[PDB]
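Below is one structure, written out as structure tokens; comments come after it.
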Amino acid sequence: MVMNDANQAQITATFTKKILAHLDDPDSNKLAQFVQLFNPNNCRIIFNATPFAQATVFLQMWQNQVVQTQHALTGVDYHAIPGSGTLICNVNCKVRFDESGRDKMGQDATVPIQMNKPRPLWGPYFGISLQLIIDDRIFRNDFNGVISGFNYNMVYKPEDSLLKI
Amino acid sequence: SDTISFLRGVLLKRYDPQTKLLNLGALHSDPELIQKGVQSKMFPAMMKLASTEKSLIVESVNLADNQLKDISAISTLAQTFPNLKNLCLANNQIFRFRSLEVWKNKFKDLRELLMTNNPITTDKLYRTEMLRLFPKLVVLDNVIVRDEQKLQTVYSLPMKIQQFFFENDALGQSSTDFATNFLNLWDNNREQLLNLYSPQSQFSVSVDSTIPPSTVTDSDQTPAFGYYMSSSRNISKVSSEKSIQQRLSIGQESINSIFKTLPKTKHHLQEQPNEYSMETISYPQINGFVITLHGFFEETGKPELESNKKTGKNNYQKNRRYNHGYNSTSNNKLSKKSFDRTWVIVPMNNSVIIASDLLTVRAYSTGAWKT
């Protein structure tokens, strides 16, 4: 039963644009929500070719020692494996980091020995190629423990960026 | 030549090898220059020669005691030493900022600076300008103004990119054996690979049309995806759903229908092989594995069937559409292109068969795992 209908394809496009939004929020209290999508029992992240055993610990990483990010989708395609009940999607996107000089919490590097928050200054574009494994219940409008695979990797980088990869 | 050779000679004397420092102060005091007899124009000269010497590496520069009042004279510094890291222009009489604004966000690697006895030091705003001009500065006027590492904890993630990854040696090495078998047959003979494809197997082609930034080394600024845009299955690019139902190919006959549309390739894999970062990861519920590969290939040949001649422009006389006379992305030439390929294979007692095949083609660019 190779299911292939345009109605299912639309859901994939918006879902991929939805997961990126959570990764882009510099908020901290809301972060507990993004955990629910990840599978608590068994899950296998990969971020720039280093394994993460737990999904929860990888999210405290994204908020503590990683600067603000701002992704930008360019290509998505998927394939539903018959019998499996799961589908695999190929995602490509760009990445910008805030090179102003402070992290998410808002602490600068200058040591204190003594208008609102400045707008962040963004840097050059990067390159991402993301593969992820999802089950088919996402078509049924439920988002609890639906993410089973997440391979976030980067393919190229510019030399002008202050980030060292 | 001999005439320019003296200017090369003076740089050798005024560069100290072991300390890796180039002391440039008091240029006119060079004794070897006096036998010639000696303006305000030689400053850009050296800088050009320093880049082309190719034998001395500089990362620190002393330029104090040169009698300057404006910085336009040395503005070519940023064009020769982007990774300079220790500038001393102290003992000078500069008093305004319009001539120093030329280094906005430049000299990022620079992290030490001595500007003692300059009139600028007395200002209260003195702190602010640098703080944006040199984001990675740490020490200024021999006083710490930034907390070193605290800095290098923002501007660098806490690990290093790995070019290969796999759970076990047996699984990882076997995938490379599959990849070598798969790719070498890919270039030579399209016919044989059908036996690895199931009637349930599905294949699709995805094309990314973004232009890589010019700062990327060996970036391709004139991509040409002409043959792939009639078969590209991109969800966010094309909104004609009807077409997407036709882009997908299922079955033995459908897969080989596409296989002749794509041009002949030839990868420099097991030869040039630092380039082809690949990760493989298990697929528990179906007892399979996923192989994700990133690399590049060379379009050495053209497709046998155009797919736009037997049915395309069936009406004679009038040509096709946007006059491929350089128009469009720009054509349909034959040239190097990068690619990201992911695999889904279910092992069997007899032989493995491919479940799904995704191919993503983009403009050629260098890898990030380089060194």
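Ligands are numbered from 1 in the order shown, chains are lettered A, B, ... in the order of the structure tokens, and residues start at 1 in each chain.
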
Please report, as CSV, each residue of chain B lying at most 7 Å from chain A, together with the nearest pair of atoms and the separation in Å rounded to one decimal; use only C-alpha atoms, and order rows by chain and ascending residue number.
```
residue,atom,partner,partner_atom,distance
B:145,CA,A:110,CA,6.1
B:146,CA,A:110,CA,4.4
B:147,CA,A:109,CA,5.8
B:150,CA,A:109,CA,5.9
B:151,CA,A:109,CA,5.8
B:154,CA,A:103,CA,6.6
B:155,CA,A:163,CA,4.9
B:156,CA,A:164,CA,5.1
B:157,CA,A:66,CA,6.9
B:160,CA,A:165,CA,6.4
B:161,CA,A:48,CA,6.0
B:162,CA,A:49,CA,5.5
B:165,CA,A:49,CA,6.2
B:208,CA,A:75,CA,6.3
B:215,CA,A:158,CA,5.5
B:216,CA,A:158,CA,4.8
B:233,CA,A:77,CA,6.9
B:234,CA,A:77,CA,5.8
B:235,CA,A:76,CA,5.6
B:236,CA,A:75,CA,5.8
B:237,CA,A:75,CA,6.8
B:241,CA,A:6,CA,5.8
B:245,CA,A:4,CA,6.9
B:286,CA,A:84,CA,6.6
B:365,CA,A:156,CA,6.9
B:366,CA,A:156,CA,6.1
B:367,CA,A:156,CA,4.9
B:368,CA,A:156,CA,4.5
```

Convert the current residue selection to file output with N, CA and C atoms, as a JSON list (two decimals), in the first residue's frame.
```json
[["chain", "number", "residue", "atom", "x", "y", "z"],
["B", 145, "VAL", "N", 39.75, 43.76, 29.62],
["B", 145, "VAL", "CA", 38.46, 44.39, 29.41],
["B", 145, "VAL", "C", 37.38, 43.36, 29.10],
["B", 146, "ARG", "N", 37.76, 42.09, 28.97],
["B", 146, "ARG", "CA", 36.81, 41.02, 28.66],
["B", 146, "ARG", "C", 37.26, 39.75, 29.36],
["B", 147, "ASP", "N", 36.40, 38.84, 29.73],
["B", 147, "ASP", "CA", 36.92, 37.68, 30.52],
["B", 147, "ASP", "C", 37.40, 36.52, 29.65],
["B", 150, "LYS", "N", 35.38, 33.36, 28.87],
["B", 150, "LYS", "CA", 33.93, 33.63, 28.84],
["B", 150, "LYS", "C", 33.67, 33.95, 27.41],
["B", 151, "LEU", "N", 34.58, 34.70, 26.82],
["B", 151, "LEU", "CA", 34.46, 34.98, 25.38],
["B", 151, "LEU", "C", 34.46, 33.62, 24.69],
["B", 154, "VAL", "N", 31.27, 31.54, 24.10],
["B", 154, "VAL", "CA", 30.14, 31.97, 23.24],
["B", 154, "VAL", "C", 30.58, 31.64, 21.84],
["B", 155, "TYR", "N", 31.59, 32.32, 21.35],
["B", 155, "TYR", "CA", 31.99, 32.14, 19.94],
["B", 155, "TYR", "C", 32.61, 30.76, 19.62],
["B", 156, "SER", "N", 32.18, 29.63, 20.20],
["B", 156, "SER", "CA", 32.63, 28.31, 19.76],
["B", 156, "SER", "C", 31.78, 27.24, 20.43],
["B", 157, "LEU", "N", 31.19, 26.33, 19.65],
["B", 157, "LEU", "CA", 30.42, 25.23, 20.29],
["B", 157, "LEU", "C", 31.43, 24.36, 21.04],
["B", 160, "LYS", "N", 33.86, 19.22, 18.49],
["B", 160, "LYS", "CA", 34.51, 19.42, 17.19],
["B", 160, "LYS", "C", 33.86, 18.51, 16.16],
["B", 161, "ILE", "N", 33.73, 19.03, 14.96],
["B", 161, "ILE", "CA", 32.98, 18.27, 13.97],
["B", 161, "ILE", "C", 33.72, 16.98, 13.63],
["B", 162, "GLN", "N", 32.96, 15.88, 13.61],
["B", 162, "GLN", "CA", 33.47, 14.57, 13.25],
["B", 162, "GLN", "C", 32.96, 14.22, 11.86],
["B", 165, "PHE", "N", 30.79, 8.63, 11.72],
["B", 165, "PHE", "CA", 30.15, 8.16, 12.93],
["B", 165, "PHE", "C", 29.37, 6.88, 12.65],
["B", 208, "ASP", "N", 18.07, 21.65, -4.52],
["B", 208, "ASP", "CA", 18.16, 22.87, -3.73],
["B", 208, "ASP", "C", 18.79, 23.94, -4.62],
["B", 215, "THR", "N", 31.80, 33.91, 0.49],
["B", 215, "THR", "CA", 32.89, 33.67, 1.42],
["B", 215, "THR", "C", 33.29, 32.21, 1.53],
["B", 216, "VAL", "N", 32.44, 31.29, 1.08],
["B", 216, "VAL", "CA", 32.76, 29.86, 1.10],
["B", 216, "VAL", "C", 33.86, 29.58, 0.07],
["B", 233, "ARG", "N", 11.49, 16.73, -6.89],
["B", 233, "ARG", "CA", 10.34, 16.62, -6.00],
["B", 233, "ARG", "C", 10.66, 17.40, -4.73],
["B", 234, "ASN", "N", 10.35, 18.69, -4.74],
["B", 234, "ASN", "CA", 10.56, 19.55, -3.58],
["B", 234, "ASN", "C", 9.20, 20.06, -3.10],
["B", 235, "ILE", "N", 8.89, 19.80, -1.84],
["B", 235, "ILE", "CA", 7.57, 20.15, -1.31],
["B", 235, "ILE", "C", 7.42, 21.66, -1.20],
["B", 236, "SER", "N", 8.42, 22.34, -0.65],
["B", 236, "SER", "CA", 8.32, 23.77, -0.41],
["B", 236, "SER", "C", 8.60, 24.61, -1.65],
["B", 237, "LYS", "N", 9.19, 24.02, -2.70],
["B", 237, "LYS", "CA", 9.53, 24.79, -3.89],
["B", 237, "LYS", "C", 8.34, 24.88, -4.85],
["B", 241, "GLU", "N", 0.39, 20.42, -6.49],
["B", 241, "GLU", "CA", 0.39, 19.09, -5.87],
["B", 241, "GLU", "C", 0.31, 18.08, -6.98],
["B", 245, "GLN", "N", 2.41, 14.11, -7.24],
["B", 245, "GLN", "CA", 1.93, 12.74, -7.39],
["B", 245, "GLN", "C", 2.56, 12.04, -8.58],
["B", 286, "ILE", "N", 12.08, -1.74, 12.21],
["B", 286, "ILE", "CA", 12.12, -2.54, 10.99],
["B", 286, "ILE", "C", 13.41, -3.34, 10.87],
["B", 365, "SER", "N", 30.07, 23.06, -3.13],
["B", 365, "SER", "CA", 30.70, 23.85, -2.08],
["B", 365, "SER", "C", 31.60, 22.94, -1.26],
["B", 366, "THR", "N", 32.54, 23.55, -0.54],
["B", 366, "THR", "CA", 33.50, 22.79, 0.25],
["B", 366, "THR", "C", 32.84, 22.22, 1.50],
["B", 367, "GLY", "N", 33.48, 21.22, 2.10],
["B", 367, "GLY", "CA", 32.95, 20.63, 3.31],
["B", 367, "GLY", "C", 33.34, 21.42, 4.55],
["B", 368, "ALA", "N", 32.57, 21.23, 5.62],
["B", 368, "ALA", "CA", 32.85, 21.92, 6.87],
["B", 368, "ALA", "C", 33.78, 21.10, 7.76]]
```

Long-range neighbours of residue 133 of chain B as an MDAnalysis selection string, 6 Å cut-off, only C-alpha atoms, 3 positions minimum in chain | chainID B and resid 104:105 130

Filtering to N, CA, C and O atoms, could you give me those residues as a tab-separated table (two decimals), in the first residue's frame?
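What follows is the written file part_34.tsv:
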```tsv
chain	number	residue	atom	x	y	z
B	104	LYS	N	35.60	48.30	10.58
B	104	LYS	CA	34.38	47.78	11.19
B	104	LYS	C	34.29	46.27	11.04
B	104	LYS	O	34.27	45.75	9.92
B	105	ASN	N	34.24	45.55	12.16
B	105	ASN	CA	34.13	44.10	12.26
B	105	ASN	C	35.33	43.38	11.65
B	105	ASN	O	35.26	42.16	11.46
B	130	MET	N	35.81	50.29	20.74
B	130	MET	CA	36.54	49.05	20.50
B	130	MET	C	35.58	47.90	20.70
B	130	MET	O	35.47	47.06	19.81
```

Neighbour list for residue 341 of chain B as a list in words, cut-off 9 Å, only C-alpha atoms, skip fewer than 5 positions in-chain |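 So the residues in contact are residues 291, 292, 293, 294, 295, 357, 358, 359, 360 and 361 of chain B.
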
Would you export the selected residues with N, CA, C and O atoms as a PDB file, in the first residue's frame, please?
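Listing of selection-v2.pdb after writing:
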```pdb
ATOM      1  N   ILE B 291      21.689   5.089   6.134  1.00  0.00           N
ATOM      2  CA  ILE B 291      23.006   5.569   5.734  1.00  0.00           C
ATOM      3  C   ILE B 291      22.819   6.943   5.109  1.00  0.00           C
ATOM      4  O   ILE B 291      22.163   7.072   4.070  1.00  0.00           O
ATOM      5  N   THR B 292      23.404   7.965   5.729  1.00  0.00           N
ATOM      6  CA  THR B 292      23.336   9.336   5.235  1.00  0.00           C
ATOM      7  C   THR B 292      24.724   9.730   4.747  1.00  0.00           C
ATOM      8  O   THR B 292      25.698   9.656   5.503  1.00  0.00           O
ATOM      9  N   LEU B 293      24.813  10.148   3.488  1.00  0.00           N
ATOM     10  CA  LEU B 293      26.082  10.480   2.857  1.00  0.00           C
ATOM     11  C   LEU B 293      26.032  11.898   2.301  1.00  0.00           C
ATOM     12  O   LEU B 293      25.014  12.323   1.749  1.00  0.00           O
ATOM     13  N   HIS B 294      27.138  12.623   2.455  1.00  0.00           N
ATOM     14  CA  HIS B 294      27.287  13.969   1.921  1.00  0.00           C
ATOM     15  C   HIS B 294      28.589  14.048   1.139  1.00  0.00           C
ATOM     16  O   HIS B 294      29.649  13.681   1.656  1.00  0.00           O
ATOM     17  N   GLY B 295      28.511  14.526  -0.100  1.00  0.00           N
ATOM     18  CA  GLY B 295      29.695  14.632  -0.928  1.00  0.00           C
ATOM     19  C   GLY B 295      29.476  15.368  -2.233  1.00  0.00           C
ATOM     20  O   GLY B 295      28.693  16.321  -2.292  1.00  0.00           O
ATOM     21  N   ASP B 357      14.947   5.616  -1.223  1.00  0.00           N
ATOM     22  CA  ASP B 357      16.128   6.284  -1.756  1.00  0.00           C
ATOM     23  C   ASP B 357      15.817   7.758  -1.953  1.00  0.00           C
ATOM     24  O   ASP B 357      14.972   8.109  -2.783  1.00  0.00           O
ATOM     25  N   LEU B 358      16.492   8.616  -1.193  1.00  0.00           N
ATOM     26  CA  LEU B 358      16.352  10.061  -1.309  1.00  0.00           C
ATOM     27  C   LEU B 358      17.663  10.653  -1.801  1.00  0.00           C
ATOM     28  O   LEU B 358      18.734  10.311  -1.287  1.00  0.00           O
ATOM     29  N   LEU B 359      17.577  11.537  -2.790  1.00  0.00           N
ATOM     30  CA  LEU B 359      18.741  12.215  -3.337  1.00  0.00           C
ATOM     31  C   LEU B 359      18.491  13.715  -3.345  1.00  0.00           C
ATOM     32  O   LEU B 359      17.484  14.182  -3.887  1.00  0.00           O
ATOM     33  N   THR B 360      19.411  14.465  -2.746  1.00  0.00           N
ATOM     34  CA  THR B 360      19.327  15.917  -2.688  1.00  0.00           C
ATOM     35  C   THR B 360      20.560  16.507  -3.353  1.00  0.00           C
ATOM     36  O   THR B 360      21.687  16.241  -2.923  1.00  0.00           O
ATOM     37  N   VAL B 361      20.346  17.306  -4.395  1.00  0.00           N
ATOM     38  CA  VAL B 361      21.420  17.901  -5.180  1.00  0.00           C
ATOM     39  C   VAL B 361      21.412  19.404  -4.945  1.00  0.00           C
ATOM     40  O   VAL B 361      20.349  20.036  -4.956  1.00  0.00           O
TER      41      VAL B 361
END
```

Among the residues of segment 224-321 of chain B, find those DSSP assigns to strand (DSSP E or B) from the backbone and print them as number ranges by chain.
-> B: 232, 249-250, 266, 278-283, 288-298

Resulting file, chosen residues, N, CA and C atoms, as a tab-separated table (two decimals), in the first residue's frame:
```
chain	number	residue	atom	x	y	z
B	232	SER	N	12.55	17.11	-10.21
B	232	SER	CA	12.77	17.47	-8.82
B	232	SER	C	11.46	17.40	-8.04
B	249	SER	N	8.14	7.92	-7.90
B	249	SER	CA	8.25	6.74	-8.75
B	249	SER	C	8.32	5.51	-7.85
B	250	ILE	N	7.46	4.53	-8.13
B	250	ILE	CA	7.39	3.28	-7.38
B	250	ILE	C	7.44	2.13	-8.36
B	266	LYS	N	30.65	10.42	-12.02
B	266	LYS	CA	31.90	9.74	-11.72
B	266	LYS	C	32.48	10.44	-10.50
B	278	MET	N	30.00	10.68	6.19
B	278	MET	CA	28.86	9.78	6.16
B	278	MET	C	28.57	9.28	7.57
B	279	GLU	N	27.29	9.21	7.90
B	279	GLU	CA	26.85	8.64	9.17
B	279	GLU	C	25.81	7.57	8.91
B	280	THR	N	25.88	6.52	9.72
B	280	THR	CA	24.91	5.42	9.59
B	280	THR	C	24.30	5.17	10.94
B	281	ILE	N	23.04	4.84	10.97
B	281	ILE	CA	22.32	4.69	12.26
B	281	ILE	C	21.22	3.67	12.09
B	282	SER	N	20.96	2.89	13.11
B	282	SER	CA	20.07	1.75	13.09
B	282	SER	C	18.61	2.18	12.93
B	283	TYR	N	17.79	1.24	12.47
B	283	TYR	CA	16.35	1.43	12.31
B	283	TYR	C	15.68	0.29	13.08
B	288	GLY	N	16.39	-2.40	10.36
B	288	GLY	CA	17.20	-1.92	9.25
B	288	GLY	C	18.20	-0.87	9.68
B	289	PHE	N	18.81	-0.19	8.71
B	289	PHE	CA	19.78	0.86	9.00
B	289	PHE	C	19.57	2.01	8.03
B	290	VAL	N	20.00	3.20	8.45
B	290	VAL	CA	19.92	4.41	7.65
B	290	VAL	C	21.33	4.92	7.40
B	291	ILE	N	21.69	5.09	6.13
B	291	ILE	CA	23.01	5.57	5.73
B	291	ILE	C	22.82	6.94	5.11
B	292	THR	N	23.40	7.96	5.73
B	292	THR	CA	23.34	9.34	5.24
B	292	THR	C	24.72	9.73	4.75
B	293	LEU	N	24.81	10.15	3.49
B	293	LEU	CA	26.08	10.48	2.86
B	293	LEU	C	26.03	11.90	2.30
B	294	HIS	N	27.14	12.62	2.46
B	294	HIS	CA	27.29	13.97	1.92
B	294	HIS	C	28.59	14.05	1.14
B	295	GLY	N	28.51	14.53	-0.10
B	295	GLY	CA	29.70	14.63	-0.93
B	295	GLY	C	29.48	15.37	-2.23
B	296	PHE	N	30.17	14.93	-3.29
B	296	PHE	CA	30.08	15.58	-4.59
B	296	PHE	C	30.34	14.56	-5.68
B	297	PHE	N	29.94	14.91	-6.90
B	297	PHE	CA	30.14	14.06	-8.07
B	297	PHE	C	30.38	14.91	-9.30
B	298	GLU	N	30.92	14.28	-10.34
B	298	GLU	CA	31.27	14.94	-11.59
B	298	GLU	C	30.36	14.42	-12.70
```

Residues near residue 229 of chain B, cut-off 12 Å, only C-alpha atoms, skip fewer than 3 positions along chain, as a compact mmCIF listing (two decimals) with N, CA and C atoms, in the first residue's frame:
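Result file follows (out37.txt):
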```txt
# COMPACT_ATOMS: atom_id res chain seq x y z
N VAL B 205 13.82 12.68 -6.34
CA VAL B 205 14.94 13.60 -6.53
C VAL B 205 14.56 14.96 -5.98
N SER B 206 15.44 15.53 -5.16
CA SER B 206 15.23 16.85 -4.57
C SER B 206 16.37 17.76 -5.00
N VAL B 207 16.03 18.98 -5.40
CA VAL B 207 17.01 19.95 -5.88
C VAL B 207 16.92 21.20 -5.02
N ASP B 208 18.07 21.65 -4.52
CA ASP B 208 18.16 22.87 -3.73
C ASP B 208 18.79 23.94 -4.62
N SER B 209 18.10 25.06 -4.79
CA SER B 209 18.51 26.10 -5.73
C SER B 209 19.18 27.29 -5.05
N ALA B 224 23.93 24.95 -12.43
CA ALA B 224 23.10 24.65 -13.59
C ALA B 224 22.38 23.34 -13.34
N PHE B 225 21.13 23.42 -12.88
CA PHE B 225 20.32 22.25 -12.58
C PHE B 225 19.29 21.96 -13.66
N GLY B 226 19.63 22.16 -14.93
CA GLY B 226 18.68 22.05 -16.02
C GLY B 226 18.00 20.71 -16.16
N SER B 232 12.55 17.11 -10.21
CA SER B 232 12.77 17.47 -8.82
C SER B 232 11.46 17.40 -8.04
N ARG B 233 11.49 16.73 -6.89
CA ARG B 233 10.34 16.62 -6.00
C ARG B 233 10.66 17.40 -4.73
N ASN B 234 10.35 18.69 -4.74
CA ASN B 234 10.56 19.55 -3.58
C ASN B 234 9.20 20.06 -3.10
N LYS B 237 9.19 24.02 -2.70
CA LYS B 237 9.53 24.79 -3.89
C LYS B 237 8.34 24.88 -4.85
N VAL B 238 7.78 23.73 -5.23
CA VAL B 238 6.66 23.67 -6.15
C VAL B 238 5.39 23.44 -5.33
N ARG B 247 5.84 13.03 -9.71
CA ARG B 247 7.28 12.98 -9.47
C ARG B 247 7.69 11.69 -8.77
N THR B 261 17.25 9.44 -17.00
CA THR B 261 17.10 10.89 -17.07
C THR B 261 18.28 11.62 -16.44
N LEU B 262 18.79 11.12 -15.32
CA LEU B 262 19.93 11.75 -14.68
C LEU B 262 21.20 11.50 -15.49
N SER B 307 14.05 13.35 -22.56
CA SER B 307 12.67 13.36 -22.06
C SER B 307 11.92 14.61 -22.53
N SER B 328 17.61 31.56 -17.31
CA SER B 328 17.24 30.63 -16.22
C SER B 328 18.31 30.54 -15.16
N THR B 329 18.22 29.51 -14.30
CA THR B 329 19.30 29.29 -13.34
C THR B 329 20.49 29.69 -14.17
N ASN B 331 21.25 27.47 -17.48
CA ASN B 331 21.46 26.57 -18.62
C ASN B 331 21.22 25.14 -18.28
N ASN B 332 22.15 24.29 -18.72
CA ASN B 332 22.07 22.83 -18.52
C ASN B 332 23.43 22.28 -18.84
N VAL B 361 20.35 17.31 -4.39
CA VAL B 361 21.42 17.90 -5.18
C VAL B 361 21.41 19.40 -4.94
N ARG B 362 22.60 19.97 -4.73
CA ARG B 362 22.75 21.40 -4.48
C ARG B 362 23.99 21.89 -5.23
```

Residue list (helix (DSSP H, G or I), DSSP) for segment 32-239 of chain B, as a PyMOL selection string | chain B and resi 32-34+43-53+72-77+101-103+119-122+126-133+148-154+169-188+192-196+226-228

Show which residues sit within 12 Å of residue 142 of chain A, as a VMD selection string. Count only C-alpha atoms, and ignore same-chain residues fewer than 4 positions away.
-> chain A and resid 11 15 36 to 37 135 to 138 146 to 147

Output N, CA, C and O atoms for every residue in that selection, as a short mmCIF file (atom, residue, chain, number, x, y, z; two decimals), in the first residue's frame.
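New file part.cif:
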```cif
data_model
loop_
_atom_site.label_atom_id
_atom_site.label_comp_id
_atom_site.auth_asym_id
_atom_site.auth_seq_id
_atom_site.Cartn_x
_atom_site.Cartn_y
_atom_site.Cartn_z
N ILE A 11 0.72 18.41 5.36
CA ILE A 11 0.97 18.32 6.80
C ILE A 11 2.47 18.23 7.08
O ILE A 11 2.97 18.78 8.07
N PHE A 15 4.62 20.84 9.45
CA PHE A 15 5.20 20.23 10.64
C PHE A 15 6.70 20.51 10.73
O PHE A 15 7.23 20.80 11.80
N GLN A 36 8.06 17.32 24.93
CA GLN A 36 6.97 16.36 24.80
C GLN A 36 6.93 15.73 23.41
O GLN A 36 6.52 14.58 23.26
N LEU A 37 7.35 16.48 22.39
CA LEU A 37 7.37 15.92 21.04
C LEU A 37 8.39 14.79 20.92
O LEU A 37 8.14 13.80 20.21
N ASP A 135 6.81 9.01 13.04
CA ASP A 135 5.72 8.08 12.78
C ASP A 135 4.58 8.81 12.06
O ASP A 135 4.59 10.03 11.89
N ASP A 136 3.58 8.04 11.64
CA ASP A 136 2.46 8.57 10.87
C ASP A 136 1.35 9.13 11.75
O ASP A 136 0.34 9.59 11.21
N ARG A 137 1.46 9.10 13.06
CA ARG A 137 0.30 9.66 13.80
C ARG A 137 0.30 11.19 13.62
O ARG A 137 -0.76 11.75 13.84
N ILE A 138 1.42 11.83 13.25
CA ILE A 138 1.38 13.27 13.04
C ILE A 138 0.27 13.64 12.06
O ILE A 138 -0.23 14.77 12.08
N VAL A 146 6.41 11.68 19.10
CA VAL A 146 6.29 11.30 17.70
C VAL A 146 7.65 11.33 17.01
O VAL A 146 7.82 10.75 15.93
N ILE A 147 8.62 12.00 17.62
CA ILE A 147 9.95 12.11 17.04
C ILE A 147 10.80 10.94 17.52
O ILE A 147 10.98 10.75 18.73
#
```

Among listed residues A:150, A:52, A:122, A:34, nearest residue 18 of chain A (using only C-alpha atoms) |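 For residue 18 of chain A, the nearest of the given residues is A:34.
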
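Picture a line from atom CA of residue 201 of chain B to atom CA of residue 128 of chain A; it runs 26.6 Å.
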
Quick one: of B:40, B:75, B:5, B:174, who's nearest to residue 53 of chain B, counting only C-alpha atoms?
-> B:5

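Closest approach to residue 143 of chain A from the set A:107, A:19, A:115, A:30 is made by A:19, with distances taken over only C-alpha atoms.
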
Write out as a ChimeraX atom specification the residues lying within 12 Å of residue 83 of chain B, counting only C-alpha atoms and excluding same-chain residues fewer than 5 positions away.
-> /A:159-160 /B:57-61,77-78,106-111,136

Keeping only N, CA and C atoms, write the selected residues to a file as a PDB file, in the first residue's frame.
```
ATOM      1  N   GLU A 159      33.991  31.410   6.194  1.00  0.00           N
ATOM      2  CA  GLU A 159      35.144  31.792   6.998  1.00  0.00           C
ATOM      3  C   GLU A 159      34.955  33.109   7.737  1.00  0.00           C
ATOM      4  N   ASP A 160      33.972  33.919   7.337  1.00  0.00           N
ATOM      5  CA  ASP A 160      33.743  35.197   8.000  1.00  0.00           C
ATOM      6  C   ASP A 160      33.046  35.028   9.345  1.00  0.00           C
TER       7      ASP A 160
ATOM      8  N   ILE B  57      55.433  33.673   8.077  1.00  0.00           N
ATOM      9  CA  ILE B  57      54.082  33.791   8.613  1.00  0.00           C
ATOM     10  C   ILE B  57      54.119  34.842   9.716  1.00  0.00           C
ATOM     11  N   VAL B  58      53.258  35.850   9.609  1.00  0.00           N
ATOM     12  CA  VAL B  58      53.204  36.923  10.591  1.00  0.00           C
ATOM     13  C   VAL B  58      51.863  36.873  11.313  1.00  0.00           C
ATOM     14  N   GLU B  59      51.927  37.081  12.633  1.00  0.00           N
ATOM     15  CA  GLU B  59      50.722  37.166  13.451  1.00  0.00           C
ATOM     16  C   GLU B  59      50.844  38.259  14.505  1.00  0.00           C
ATOM     17  N   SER B  60      51.924  38.981  14.403  1.00  0.00           N
ATOM     18  CA  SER B  60      52.002  40.125  15.308  1.00  0.00           C
ATOM     19  C   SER B  60      52.707  41.188  14.515  1.00  0.00           C
ATOM     20  N   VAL B  61      52.351  42.429  14.715  1.00  0.00           N
ATOM     21  CA  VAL B  61      52.898  43.564  13.983  1.00  0.00           C
ATOM     22  C   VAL B  61      53.066  44.735  14.941  1.00  0.00           C
ATOM     23  N   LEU B  77      45.909  47.211   5.636  1.00  0.00           N
ATOM     24  CA  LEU B  77      46.289  46.193   6.610  1.00  0.00           C
ATOM     25  C   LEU B  77      45.281  45.049   6.639  1.00  0.00           C
ATOM     26  N   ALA B  78      43.991  45.378   6.571  1.00  0.00           N
ATOM     27  CA  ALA B  78      42.938  44.374   6.669  1.00  0.00           C
ATOM     28  C   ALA B  78      42.895  43.473   5.441  1.00  0.00           C
ATOM     29  N   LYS B 106      36.408  44.088  11.324  1.00  0.00           N
ATOM     30  CA  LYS B 106      37.614  43.473  10.794  1.00  0.00           C
ATOM     31  C   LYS B 106      38.598  43.189  11.923  1.00  0.00           C
ATOM     32  N   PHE B 107      39.659  42.453  11.582  1.00  0.00           N
ATOM     33  CA  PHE B 107      40.669  42.029  12.554  1.00  0.00           C
ATOM     34  C   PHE B 107      40.027  41.283  13.720  1.00  0.00           C
ATOM     35  N   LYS B 108      39.103  40.376  13.393  1.00  0.00           N
ATOM     36  CA  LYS B 108      38.392  39.631  14.428  1.00  0.00           C
ATOM     37  C   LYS B 108      39.342  38.756  15.238  1.00  0.00           C
ATOM     38  N   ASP B 109      40.340  38.160  14.582  1.00  0.00           N
ATOM     39  CA  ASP B 109      41.291  37.316  15.299  1.00  0.00           C
ATOM     40  C   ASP B 109      42.160  38.129  16.249  1.00  0.00           C
ATOM     41  N   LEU B 110      42.309  39.428  15.992  1.00  0.00           N
ATOM     42  CA  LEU B 110      43.120  40.277  16.854  1.00  0.00           C
ATOM     43  C   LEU B 110      42.478  40.412  18.227  1.00  0.00           C
ATOM     44  N   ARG B 111      43.377  40.203  19.228  1.00  0.00           N
ATOM     45  CA  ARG B 111      43.010  40.046  20.647  1.00  0.00           C
ATOM     46  C   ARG B 111      43.998  40.682  21.598  1.00  0.00           C
ATOM     47  N   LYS B 136      36.447  40.243  19.575  1.00  0.00           N
ATOM     48  CA  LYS B 136      37.247  39.246  20.273  1.00  0.00           C
ATOM     49  C   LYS B 136      38.430  39.851  21.020  1.00  0.00           C
TER      50      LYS B 136
END
```

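The space between atom CA of residue 119 of chain A and atom CA of residue 138 of chain B spans 23.2 Å.
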
Contacts of residue 303 of chain B at 10 Å or less, counting only C-alpha atoms, minus same-chain residues fewer than 3 places along, as number ranges by chain?
-> B: 227, 259-264, 299, 306-307

Return the single residue from B:248, B:334, B:179, B:193 that is closest to residue 270 of chain B, with distances computed using only C-alpha atoms.
->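 Going through B:248, B:334, B:179, B:193 one by one, the smallest distance to residue 270 of chain B is for B:179.
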